[PDB]
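The primary structure of each chain is shown beneath.
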Amino acid sequence: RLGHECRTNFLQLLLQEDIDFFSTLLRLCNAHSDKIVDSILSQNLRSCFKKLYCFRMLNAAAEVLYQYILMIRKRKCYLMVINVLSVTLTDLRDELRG
Amino acid sequence: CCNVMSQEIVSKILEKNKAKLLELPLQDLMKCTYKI
Amino acid sequence: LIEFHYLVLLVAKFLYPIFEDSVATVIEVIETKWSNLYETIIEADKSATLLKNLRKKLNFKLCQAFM
């Protein structure tokens, strides 16, 4: 990946084949890090499990995806959102209380 | 204001696609980190 | 901790030292729940707190995402 980055649809198909081992590798790459590649990845992920992968990769996209899916589960989502953010928090709290 | 800032950042990124560029540069935080 | 400030701080300290879905839920509830004696206890443990707690929570979330 890093090699070719430094034929985009080809890579899209390769990653298509990749999609558990692939996810682990991605997690590893993100940990190591801590454009085109990023966008392609985001698109493939957008194509529970989904939300998690999206969040992990983006580490705003996470929050947006979670909110969309929400639009036990509710509590978990609101909670995850609040922790990530730490207006939005107040709204989430009010919703959970309502 | 934050939205406008993000838009400006996106526009700058589009324009880029050395010293002057560095001068111009000087979730949003995550993006900045990825850029660096 | 849920049933019960100092206790919460001790718990956070223990979590930091240790550093799945149920665990995340718990961490979240704790964050939602989150004086001088507490600060003193925190200082003794270190030998700012809220920030360290938030950092730990973020780390836990990252770990859950990787899993």
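Reference entry: report on the structure contained in this document.

1. A word on the overall build of chain B
For step 1, the next point in the chain: The number of helices and strands found in chain B is three helices and zero strands.
For step 2, the next point in the chain: Along the chain direction, N to C, the helices and strands of chain B fall in the order α-α-α.
For step 3, the next point in the chain: Each principal axis of the C-alpha distribution contributes one length, and for chain B these read about 25 × 15 × 15 Å.

2. Quick notes on the overall build of chain C
For step 1, the next point in the chain: When its secondary structure is counted, chain C shows four helices and zero strands.
For step 2, the next point in the chain: Each helix and strand of chain C, placed in order from N terminus to C terminus, yields the pattern α-α-α-α.
For step 3, the next point in the chain: Compactness check: chain C gives a C-alpha radius of gyration of 12 Å against a globular reference of 11 Å for 67 residues, within 12% of the reference.
For step 4, the next point in the chain: By principal-axis analysis of the C-alpha atoms, chain C measures approximately 35 × 25 × 15 Å.

3. Details of the interface of chain C and chain A
For step 1, the next point in the chain: Every contact between the two is made by four residues of chain C and, on the other side, four residues of chain A.
For step 2, the next point in the chain: It is helix α4 (residues 49-66) of chain C that provides the largest number of residues to the side of chain C that touches chain A, a total of three residues.

Cut-offs used in this document
- Residue labels used throughout are counted from 1 along each chain in written sequence order rather than taken from the entry, whose numbering may differ, and residues without coordinates are not included.
- Here chains are named by letter from A upward and ligands by number from 1 upward, in the order in which they appear as written.
- Just a portion of a larger assembly is displayed, and each value is taken over that portion.
- In computing side-chain properties, one takes all heavy atoms of the structure into account and sets aside hydrogens as well as water.
- Residues with missing side-chain atoms are left out of burial classes, side-chain pairs and their counts.
- Under the DSSP-based scheme used, a helix requires at least four consecutive residues in state H or I and a strand at least two consecutive residues in state E, with every element numbered from the N terminus.
- Put simply, the radius of gyration uses C-alpha atoms, and a globule should come to 2.2 Å times the residue count raised to 0.38.
- Working rule for contacts: check all heavy atoms of both residues, and any pair within 4.5 Å makes them a contact.

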